[PDB]
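We use all heavy atoms of the structure for the numbers below, so side chains are in, but hydrogens, waters and symmetry mates are not. In this chain, numbering begins with 1 at the start of the sequence shown. In listed order, ligands and their atoms are each counted from 1.
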Amino acid sequence: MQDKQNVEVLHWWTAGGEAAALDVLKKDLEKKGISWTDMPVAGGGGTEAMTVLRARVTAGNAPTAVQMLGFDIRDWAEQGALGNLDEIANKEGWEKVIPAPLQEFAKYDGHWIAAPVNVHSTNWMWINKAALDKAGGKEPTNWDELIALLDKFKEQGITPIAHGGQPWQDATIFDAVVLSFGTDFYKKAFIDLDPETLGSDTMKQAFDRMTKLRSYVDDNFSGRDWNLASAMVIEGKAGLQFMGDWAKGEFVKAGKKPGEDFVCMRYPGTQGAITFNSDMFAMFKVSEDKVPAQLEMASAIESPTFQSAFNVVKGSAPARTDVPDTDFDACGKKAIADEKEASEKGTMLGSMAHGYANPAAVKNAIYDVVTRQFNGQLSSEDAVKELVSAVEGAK
Ligand SMILES: OC[C@H]1O[C@H](O)[C@H](O)[C@@H](O)[C@@H]1O
């Protein structure tokens, strides 16, 4: 009669687009007789959710299912805190359809310990179509063209860059800025954590670009939620936003269409590469009674029909490679094709900002340097020195 199974889910999907996509999963589970106890922890990018999580686990109160990124997953797998999903994954044939870069994180010590939802990526620009057309309509391909477009936006009297001053958002931009100096440089810096690279003249140029981008954000940017920056571009109050494709979730929620109302492009100099992050659900070992629901949730997440429906709304690519792009809009189709290509070419690189490039300690030490340099507290020359010391001290 009434539902007899239930999942208690900690996640940070609280903005309108994110909430819309999550509704897809909730409805899916409900049809299976599984109700939902919602434990949302608001805060873009999940830092706040992870803080709540740590205190809860220390208190012997781990949630049944937890939204999680990258090296964070590994950290709990190492501790043996996560449920083994093998019996679902082996039987459902996950090995054949989940890209190897995601399996590095979804698997630990020979076992599936998370169910990957999607493949977001961070190196996008969201451009207001009306403002672009006012600016002559040319999509910027390189750095100089980007600056020329931002200058036109500025003379149009709008805020050229919609941005929120929070360390993770600053890092999100820096993903793409570093990426624009080439995939080799990005790997050397954020994946290999090579100190010569991190201290290079090229990294000094990257910070100089952040200074330039800083000059085009509005004076009230500090502390603004990412989705409120997205809204500025949606409303035509700002020209463009540099953000992961969760931003598209907002545009679609507002009824805006690719081509007509907005343009979606890779960050100039990064087409042909992606800086990826994959939201996964980790099922924490709790009561033995909860395991059937946990396994059902993992199965639901990896179902082809859900993999399409959820990601269409979310603004990410499916985690499964065998899910067709048919129901995706023009930007979602690009996301999928860019992922297949980057995967083939070895330019599908873990996002630093969103926890796929390096461990939390390193990520956080990078956040601090990037934030202070963007906010103008630190010169590019000094930022380079401090980045090397912070990274070396965190490894
Ligand atoms: O909160 C903003 C975004 O940040 C996170 O890193 C997630 O991967 C994405 O699902 C979410 O929409």
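Atom 8 (O) of ligand 1 has as its closest protein heavy atom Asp279 OD1, 2.6 Å. In terms of protein heavy-atom proximity, atom 6 (O) of ligand 1 is closest to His354 ND1, 2.8 Å. The protein non-hydrogen atom at the shortest distance from atom 5 (C) of ligand 1 is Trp12 NE1, 3.2 Å. Protein heavy atom in closest approach to atom 1 (O) of ligand 1: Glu18 OE2, 2.8 Å.
If you number the atoms of ligand 1 from 1 as listed, the ones under 4.0 Å from a heavy atom of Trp226 come out as 1 (O), 2 (C). Below 4.0 Å from some heavy atom of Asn277 lie the following atoms of ligand 1, by number and element: 6 (O), 8 (O). Within the listing of ligand 1, atoms 1 (O) sit less than 4.0 angstrom from a heavy atom of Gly44. For ligand 1, the atoms closer than 4.0 angstrom to any heavy atom of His120 are 9 (C), 10 (O).
Side chains of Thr211 and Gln373: a donor-acceptor N/O pair is present below 3.5 angstrom, by distance only. Checked by atom type, the side-chain pair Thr183/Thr347 shows no donor-acceptor distance below 3.5 Å. A donor atom on one side chain and an acceptor atom on the other are found under 3.5 Å apart for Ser35 and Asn6. Residues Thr37 and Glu8 bring no donor and acceptor atom of their side chains to less than 3.5 Å of each other. Side-chain contact of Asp201 with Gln205: a donor-acceptor pair under 3.5 Å is absent, judged by distance alone.
Residue contacts with ligand 1: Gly46 is excluded, as none of its non-hydrogen atoms falls under 4.0 Å.
For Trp124 and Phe262, the ring centers sit 6.0 Å or farther from each other. Between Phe284 and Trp76, the ring centre distance stays below 6.0 Å.
When non-hydrogen atoms are compared, ligand 1 lies under 4.0 Å from the side chain of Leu69 (C-beta onward) but not from its backbone.
Distances between N or O atoms of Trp246 and those of ligand 1 include no value under 3.5 Å. Checked against a 3.5 angstrom limit, the closest N/O atoms of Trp168 and ligand 1 fall outside it.
For the side-chain hydrogen bond (donor to acceptor under 3.5 Å, both in side chains) test, no residue two or more places apart in sequence or in another chain qualifies with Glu302.
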